[PDB]
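Report on the following structure.
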Amino acid sequence: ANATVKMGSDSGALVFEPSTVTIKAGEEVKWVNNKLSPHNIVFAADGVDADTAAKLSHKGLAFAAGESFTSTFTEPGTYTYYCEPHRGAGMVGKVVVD
Ligand SMILES: [Cu+2]
């Protein structure tokens, strides 16, 4: 049972919601595209290893109100994701794989 995040409120404010998710080692997590596009979900190697952070990242440009991404949360650890454009605009989210 994957967690589901949305890249922006299903209204019109760019917030990652849920901004922090906790799910199990080996499960996956989905993201839903909404509004204020483009967004991407770009994981900084935020304590976790480069390769895992990379493979979990999505530099895919999400234009279609319908496109959704999935990441495999194998390695227990912290992954911290942001948007490339909105990186430092307060648009960030966090993952705790258990
Ligand atoms: Cu964004």
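Counting neighbours? That spans all protein chains shown, and the Cβs are built from the backbone with ideal geometry, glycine included. Values in this text are rule-based calculations from the coordinates and carry no lab data.
Given (1) in contact (Cβ under 8 Å) with a residue 12 or more places away in the chain; (2) in contact with a helix residue (DSSP H, G or I) (Cβ under 6 Å, 6 or more places away or on another chain), where does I41 come up short, assuming only one miss?
So the condition that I41 fails would be (2).
Restricting the search to the range 4-40, which residues are under 16 Å from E67 (Cα atoms) and away from the ligand (no atom under 16 Å from the Cβ)?
Listed by number, the residues that qualify are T4, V29, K30.
Scan the range 41-58 and give yes if some residue there is within 16 Å of the ligand (Cβ to nearest atom) and either more than 13 Å from the chain's Cα centre (by Cα) or of a type in the set (K, R) (or both), otherwise no. Show your work before the answer.
Keep residues of the range 41-58 that are within 16 Å of the ligand (Cβ to nearest atom), which gives 41-44, 57-58.
Okay, now just the ones that are also either more than 13 Å from the chain's Cα centre (by Cα) or of a type in the set (K, R) (or both), so none.
No - not one qualifying residue is present in the range 41-58.
Determine which member of the set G47, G77, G90, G8 is without any contact (Cβ under 8 Å) to a residue 12 or more places away in the chain and at positive phi.
Details: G47 fails: without any contact (Cβ under 8 Å) to a residue 12 or more places away in the chain; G77 fails: without any contact (Cβ under 8 Å) to a residue 12 or more places away in the chain; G8 fails: without any contact (Cβ under 8 Å) to a residue 12 or more places away in the chain.
On inspection, the qualifying residue turns out to be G90.
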